[PDB]
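Source file: my_file_29.pdb; contents: PDB, C-alpha atoms (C1' of nucleotides) and all ligand atoms.
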```
ATOM      1  CA  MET A   1      -5.000   9.149 -38.683  1.00  0.00           C
ATOM      2  CA  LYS A   2      -8.749   9.681 -38.370  1.00  0.00           C
ATOM      3  CA  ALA A   3     -11.096   6.885 -39.415  1.00  0.00           C
ATOM      4  CA  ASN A   4     -13.056   9.379 -41.534  1.00  0.00           C
ATOM      5  CA  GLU A   5     -10.111   9.702 -43.913  1.00  0.00           C
ATOM      6  CA  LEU A   6      -9.693   5.905 -43.843  1.00  0.00           C
ATOM      7  CA  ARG A   7     -13.104   5.187 -45.390  1.00  0.00           C
ATOM      8  CA  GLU A   8     -12.110   7.192 -48.480  1.00  0.00           C
ATOM      9  CA  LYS A   9      -9.844   4.368 -49.694  1.00  0.00           C
ATOM     10  CA  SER A  10     -10.359   0.786 -50.871  1.00  0.00           C
ATOM     11  CA  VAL A  11      -9.276  -2.571 -49.476  1.00  0.00           C
ATOM     12  CA  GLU A  12      -6.508  -2.694 -52.083  1.00  0.00           C
ATOM     13  CA  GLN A  13      -4.806   0.488 -50.847  1.00  0.00           C
ATOM     14  CA  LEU A  14      -5.789   0.102 -47.207  1.00  0.00           C
ATOM     15  CA  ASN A  15      -3.807  -3.144 -47.035  1.00  0.00           C
ATOM     16  CA  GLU A  16      -0.696  -1.271 -48.165  1.00  0.00           C
ATOM     17  CA  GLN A  17      -1.516   1.346 -45.522  1.00  0.00           C
ATOM     18  CA  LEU A  18      -1.326  -1.432 -42.930  1.00  0.00           C
ATOM     19  CA  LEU A  19       1.973  -2.670 -44.380  1.00  0.00           C
ATOM     20  CA  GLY A  20       3.402   0.845 -44.191  1.00  0.00           C
ATOM     21  CA  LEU A  21       2.812   0.963 -40.443  1.00  0.00           C
ATOM     22  CA  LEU A  22       4.451  -2.432 -39.901  1.00  0.00           C
ATOM     23  CA  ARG A  23       7.661  -1.031 -41.373  1.00  0.00           C
ATOM     24  CA  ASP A  24       7.302   1.968 -39.076  1.00  0.00           C
ATOM     25  CA  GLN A  25       6.467  -0.077 -35.981  1.00  0.00           C
ATOM     26  CA  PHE A  26       9.418  -2.371 -36.683  1.00  0.00           C
ATOM     27  CA  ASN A  27      11.928   0.417 -37.332  1.00  0.00           C
ATOM     28  CA  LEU A  28      10.975   2.191 -34.105  1.00  0.00           C
ATOM     29  CA  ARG A  29      11.649  -0.984 -32.111  1.00  0.00           C
ATOM     30  CA  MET A  30      15.087  -1.385 -33.695  1.00  0.00           C
ATOM     31  CA  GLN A  31      15.934   2.155 -32.589  1.00  0.00           C
ATOM     32  CA  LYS A  32      14.593   1.485 -29.093  1.00  0.00           C
ATOM     33  CA  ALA A  33      16.739  -1.643 -28.732  1.00  0.00           C
ATOM     34  CA  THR A  34      19.936   0.266 -29.537  1.00  0.00           C
ATOM     35  CA  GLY A  35      18.817   3.087 -27.232  1.00  0.00           C
ATOM     36  CA  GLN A  36      19.003   5.797 -29.914  1.00  0.00           C
ATOM     37  CA  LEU A  37      15.338   6.765 -29.677  1.00  0.00           C
ATOM     38  CA  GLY A  38      14.255  10.318 -28.927  1.00  0.00           C
ATOM     39  CA  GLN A  39      10.604  10.361 -29.984  1.00  0.00           C
ATOM     40  CA  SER A  40       9.351   7.963 -27.333  1.00  0.00           C
ATOM     41  CA  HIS A  41       5.668   8.825 -27.845  1.00  0.00           C
ATOM     42  CA  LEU A  42       5.779   7.385 -31.370  1.00  0.00           C
ATOM     43  CA  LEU A  43       5.720   3.809 -30.045  1.00  0.00           C
ATOM     44  CA  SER A  44       2.260   4.112 -28.492  1.00  0.00           C
ATOM     45  CA  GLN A  45       0.987   6.266 -31.367  1.00  0.00           C
ATOM     46  CA  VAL A  46       1.880   3.790 -34.127  1.00  0.00           C
ATOM     47  CA  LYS A  47       0.160   0.966 -32.233  1.00  0.00           C
ATOM     48  CA  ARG A  48      -3.090   2.937 -32.322  1.00  0.00           C
ATOM     49  CA  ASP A  49      -2.819   3.523 -36.078  1.00  0.00           C
ATOM     50  CA  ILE A  50      -2.724  -0.199 -36.874  1.00  0.00           C
ATOM     51  CA  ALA A  51      -5.710  -0.885 -34.612  1.00  0.00           C
ATOM     52  CA  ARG A  52      -7.745   1.779 -36.410  1.00  0.00           C
ATOM     53  CA  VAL A  53      -6.923   0.495 -39.906  1.00  0.00           C
ATOM     54  CA  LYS A  54      -7.889  -3.028 -38.836  1.00  0.00           C
ATOM     55  CA  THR A  55     -11.129  -1.598 -37.425  1.00  0.00           C
ATOM     56  CA  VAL A  56     -12.177   0.019 -40.709  1.00  0.00           C
ATOM     57  CA  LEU A  57     -10.903  -2.975 -42.694  1.00  0.00           C
ATOM     58  CA  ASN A  58     -13.541  -5.050 -40.864  1.00  0.00           C
ATOM     59  CA  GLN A  59     -16.428  -2.716 -41.757  1.00  0.00           C
ATOM     60  CA  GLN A  60     -16.229  -3.011 -45.554  1.00  0.00           C
ATOM     61  CA  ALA A  61     -17.805  -6.491 -45.828  1.00  0.00           C
TER      62      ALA A  61
ATOM     63  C1'   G B   1      51.046  24.095  79.506  1.00  0.00           C
ATOM     64  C1'   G B   2      52.735  18.827  80.027  1.00  0.00           C
ATOM     65  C1'   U B   3      53.078  12.744  81.063  1.00  0.00           C
ATOM     66  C1'   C B   4      49.857   8.706  82.319  1.00  0.00           C
ATOM     67  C1'   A B   5      45.216   6.114  83.379  1.00  0.00           C
ATOM     68  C1'   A B   6      39.928   5.492  83.075  1.00  0.00           C
ATOM     69  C1'   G B   7      35.478   6.730  80.478  1.00  0.00           C
ATOM     70  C1'   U B   8      33.051   8.351  76.043  1.00  0.00           C
ATOM     71  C1'   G B   9      32.761   8.144  70.604  1.00  0.00           C
ATOM     72  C1'   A B  10      31.552  12.565  65.001  1.00  0.00           C
ATOM     73  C1'   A B  11      32.918  11.736  59.999  1.00  0.00           C
ATOM     74  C1'   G B  12      34.797   8.312  56.685  1.00  0.00           C
ATOM     75  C1'   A B  13      29.896   3.201  52.012  1.00  0.00           C
ATOM     76  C1'   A B  14      32.407  -1.867  48.162  1.00  0.00           C
ATOM     77  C1'   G B  15      27.321  -1.791  47.455  1.00  0.00           C
ATOM     78  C1'   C B  16      21.999  -1.084  48.989  1.00  0.00           C
ATOM     79  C1'   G B  17      16.873   1.235  50.623  1.00  0.00           C
ATOM     80  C1'   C B  18      13.041   5.306  50.528  1.00  0.00           C
ATOM     81  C1'   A B  19      11.465  10.116  48.574  1.00  0.00           C
ATOM     82  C1'   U B  20      11.868  13.615  44.611  1.00  0.00           C
ATOM     83  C1'   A B  21      13.296  15.643  39.687  1.00  0.00           C
ATOM     84  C1'   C B  22      14.672  14.322  34.689  1.00  0.00           C
ATOM     85  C1'   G B  23      15.247  10.724  30.914  1.00  0.00           C
ATOM     86  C1'   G B  24      14.867   5.480  28.208  1.00  0.00           C
ATOM     87  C1'   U B  25      11.879   1.197  26.765  1.00  0.00           C
ATOM     88  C1'   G B  26       7.058   0.130  25.723  1.00  0.00           C
ATOM     89  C1'   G B  27       2.712   0.788  23.826  1.00  0.00           C
ATOM     90  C1'   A B  28      -2.193   1.595  26.949  1.00  0.00           C
ATOM     91  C1'   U B  29      -5.834   5.959  27.301  1.00  0.00           C
ATOM     92  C1'   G B  30      -8.250   9.868  24.823  1.00  0.00           C
ATOM     93  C1'   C B  31      -9.906  11.879  20.099  1.00  0.00           C
ATOM     94  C1'   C B  32     -10.492  10.325  14.794  1.00  0.00           C
ATOM     95  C1'   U B  33     -11.874   7.215  10.370  1.00  0.00           C
ATOM     96  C1'   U B  34     -11.207   5.557   3.645  1.00  0.00           C
ATOM     97  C1'   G B  35     -13.687  -0.495   7.298  1.00  0.00           C
ATOM     98  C1'   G B  36     -17.494  -3.478   9.217  1.00  0.00           C
ATOM     99  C1'   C B  37     -22.726  -5.064  11.471  1.00  0.00           C
ATOM    100  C1'   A B  38     -28.121  -4.883  11.541  1.00  0.00           C
ATOM    101  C1'   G B  39     -32.632  -3.098   9.489  1.00  0.00           C
ATOM    102  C1'   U B  40     -36.566  -0.533   6.124  1.00  0.00           C
ATOM    103  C1'   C B  41     -38.055   0.760   0.942  1.00  0.00           C
ATOM    104  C1'   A B  42     -37.148  -0.579  -4.043  1.00  0.00           C
ATOM    105  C1'   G B  43     -34.679  -3.395  -7.979  1.00  0.00           C
ATOM    106  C1'   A B  44     -34.165  -8.151 -10.639  1.00  0.00           C
ATOM    107  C1'   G B  45     -34.166 -12.896  -9.581  1.00  0.00           C
ATOM    108  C1'   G B  46     -29.759 -15.990 -13.029  1.00  0.00           C
ATOM    109  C1'   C B  47     -24.892 -16.651 -16.277  1.00  0.00           C
ATOM    110  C1'   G B  48     -23.287 -20.712 -20.304  1.00  0.00           C
ATOM    111  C1'   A B  49     -21.643 -24.223 -26.941  1.00  0.00           C
ATOM    112  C1'   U B  50     -22.527 -16.620 -29.724  1.00  0.00           C
ATOM    113  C1'   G B  51     -18.036 -20.757 -24.748  1.00  0.00           C
ATOM    114  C1'   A B  52     -19.872 -19.411 -18.372  1.00  0.00           C
ATOM    115  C1'   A B  53     -17.994 -19.121 -12.817  1.00  0.00           C
ATOM    116  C1'   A B  54     -12.497 -19.486 -11.976  1.00  0.00           C
ATOM    117  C1'   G B  55      -7.807 -18.664 -13.950  1.00  0.00           C
ATOM    118  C1'   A B  56      -2.522 -18.805 -16.616  1.00  0.00           C
ATOM    119  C1'   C B  57       0.457 -15.744 -19.723  1.00  0.00           C
ATOM    120  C1'   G B  58       1.085 -11.288 -22.193  1.00  0.00           C
ATOM    121  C1'   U B  59      -0.022  -5.766 -22.727  1.00  0.00           C
ATOM    122  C1'   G B  60       3.094   0.807 -20.593  1.00  0.00           C
ATOM    123  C1'   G B  61       9.268   5.158 -22.118  1.00  0.00           C
ATOM    124  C1'   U B  62      11.769   2.604 -18.051  1.00  0.00           C
ATOM    125  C1'   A B  63      11.987  -2.849 -12.166  1.00  0.00           C
ATOM    126  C1'   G B  64       7.766  -5.100  -9.387  1.00  0.00           C
ATOM    127  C1'   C B  65       2.684  -5.648  -7.746  1.00  0.00           C
ATOM    128  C1'   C B  66      -2.550  -4.165  -7.996  1.00  0.00           C
ATOM    129  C1'   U B  67      -6.602  -2.351 -11.471  1.00  0.00           C
ATOM    130  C1'   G B  68      -8.198  -2.515 -16.564  1.00  0.00           C
ATOM    131  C1'   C B  69      -7.689  -4.854 -21.346  1.00  0.00           C
ATOM    132  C1'   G B  70      -6.350  -9.435 -25.070  1.00  0.00           C
ATOM    133  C1'   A B  71      -1.283  -9.994 -30.595  1.00  0.00           C
ATOM    134  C1'   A B  72      -6.517  -4.396 -32.906  1.00  0.00           C
ATOM    135  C1'   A B  73      -4.062  -5.784 -25.823  1.00  0.00           C
ATOM    136  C1'   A B  74      -4.537   1.121 -19.260  1.00  0.00           C
ATOM    137  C1'   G B  75      -7.316   0.212 -25.525  1.00  0.00           C
ATOM    138  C1'   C B  76     -10.294   0.582 -31.675  1.00  0.00           C
ATOM    139  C1'   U B  77     -15.482   2.724 -34.171  1.00  0.00           C
ATOM    140  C1'   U B  78     -19.860   5.312 -33.882  1.00  0.00           C
ATOM    141  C1'   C B  79     -23.811   7.892 -31.493  1.00  0.00           C
ATOM    142  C1'   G B  80     -25.357  11.182 -26.673  1.00  0.00           C
ATOM    143  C1'   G B  81     -23.464  14.748 -22.193  1.00  0.00           C
TER     144        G B  81
HETATM  145 MG    MG C   1       9.106   9.330  30.558  1.00  0.00          MG
HETATM  146 MG    MG C   2     -36.959  -6.705  -1.390  1.00  0.00          MG
HETATM  147 MG    MG C   3      -2.758  -8.398 -13.474  1.00  0.00          MG
HETATM  148 MG    MG C   4      -6.417  -9.638 -35.092  1.00  0.00          MG
HETATM  149 MG    MG C   5     -18.571  12.873 -29.257  1.00  0.00          MG
END
```
Rewrite the structure from the file as structure tokens, please.
Amino acid sequence: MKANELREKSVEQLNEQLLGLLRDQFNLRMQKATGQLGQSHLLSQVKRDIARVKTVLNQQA
RNA sequence: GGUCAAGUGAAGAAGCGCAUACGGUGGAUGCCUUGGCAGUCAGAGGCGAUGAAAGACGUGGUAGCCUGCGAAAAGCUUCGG
């Protein structure tokens, strides 16, 4: 999720973008706990998405 | 071919010694180096309340330790190769 596409939004709909990833990061950890996870790379990929949204969310001022 | 007497006296090693040939233990010697020591020529001579030097705990798809990072956590954004 490139930061270039992230600057096209506003703080109002970037904050829901961050909430959407927290669902996704949570759901992936519930699958990992039960052992029924097949897309293992998605754990480290979702972590990077939240960090990038929080990066752009700090630049608006 | 006998009987007797006198004399003489090889081998026979429980274990051991020396020599030699093969092993075992052990780690020397030789050769080697990703580690040190001592100079010369430069650098820049401080870091810290914008939180230092030194750490604890966490951070990975899976157990530990080291090396990096800090709930944005072996990384996030922009430039340049
Ligand atoms: Mg020998
Ligand atoms: Mg000098
Ligand atoms: Mg460590
Ligand atoms: Mg934060
Ligand atoms: Mg580039």
Using 12 Å as the limit and counting all atoms listed in the file, can you tabulate each residue of chain B that touches ligand MG 4 (chain C), with its shortest atom-to-atom distance in Å and the two atoms involved, as JSON lines?
```
{"residue": "B:70", "atom": "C1'", "partner": "C:MG4", "partner_atom": "MG", "distance": 10.0}
{"residue": "B:71", "atom": "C1'", "partner": "C:MG4", "partner_atom": "MG", "distance": 6.8}
{"residue": "B:72", "atom": "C1'", "partner": "C:MG4", "partner_atom": "MG", "distance": 5.7}
{"residue": "B:73", "atom": "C1'", "partner": "C:MG4", "partner_atom": "MG", "distance": 10.3}
{"residue": "B:76", "atom": "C1'", "partner": "C:MG4", "partner_atom": "MG", "distance": 11.5}
```
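For the pair CA of residue 24 in chain A and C1' of residue 68 in chain B, the interatomic distance is 27.7 Å.
Taking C1' of residue 65 in chain B and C1' of residue 35 in chain B as the two end points, the separation is 22.8 Å.
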Practice task
Enumerate as a PyMOL selection string the residues within 12 Å of ligand MG 3 (chain C), counting all atoms listed in the file.
Solution key: chain B and resi 55-59+64-69+74
Exercise for the section: Find the residues around range 42-49 of chain A up to 10 Å (all atoms listed in the file counted), leave out those fewer than 5 positions away in its own chain, and share them as a list in words. Expected result: residues 1, 2, 3, 17, 18, 21, 22, 24, 25, 26, 28, 29, 32, 37, 54 and 55 of chain A; 60, 61, 72, 75 and 76 of chain B
What are the closest atom pairs, with distances in Å to one decimal, for each residue of chain B lying within 12 Å of ligand MG 5 (chain C), using all atoms listed in the file, rows by chain and rising residue number, as a tab-separated table?
```
residue	atom	partner	partner_atom	distance
B:77	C1'	C:MG5	MG	11.7
B:78	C1'	C:MG5	MG	9.0
B:79	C1'	C:MG5	MG	7.6
B:80	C1'	C:MG5	MG	7.5
B:81	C1'	C:MG5	MG	8.8
```
Problem - Environment of ligand MG 1 (chain C) within 10 Å, counting all atoms listed in the file, reported as JSON, numbers by chain - result: {"B": [22, 23, 24, 25]}
Problem - Given 8 Å and only C-alpha atoms (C1' of nucleotides) and all ligand atoms, residues near ligand MG 2 (chain C) as a count of residues only - result: 3
Practice task
Dump as a VMD selection string the residues of chain A that approach chain B to within 6 Å, counting only C-alpha atoms (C1' of nucleotides).
Solution key: chain A and resid 40 51 to 52
Just C-alpha atoms for this one: save the residues we selected as a compact mmCIF listing (two decimals), in the frame of the given file.
```txt
# COMPACT_ATOMS: atom_id res chain seq x y z
CA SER A 40 9.35 7.96 -27.33
CA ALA A 51 -5.71 -0.88 -34.61
CA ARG A 52 -7.74 1.78 -36.41
```
Practice task
Mind checking which residues fall within 10 Å of residue 10 in chain A, counting all atoms listed in the file, ignoring those fewer than 4 positions away in the same chain, and posting them as a PyMOL selection string?
Solution key: chain A and resi 6+14-15+57+60
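Separating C1' of residue 51 in chain B from CA of residue 56 in chain A is a distance of 26.8 Å.
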Find the axis-aligned box for range 17-33 of chain B, covering all its listed atoms and adding 4 Å on each side, and write its centre and edge lengths in Å to one decimal as lines of an AutoDock Vina configuration file.
```
center_x = 2.5
center_y = 7.9
center_z = 30.5
size_x = 36.7
size_y = 23.5
size_z = 48.3
```
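When only C-alpha atoms are used to measure the gap to residue 58 in chain A, the shortest distance among A:41, A:5, A:33, A:11 belongs to A:11.
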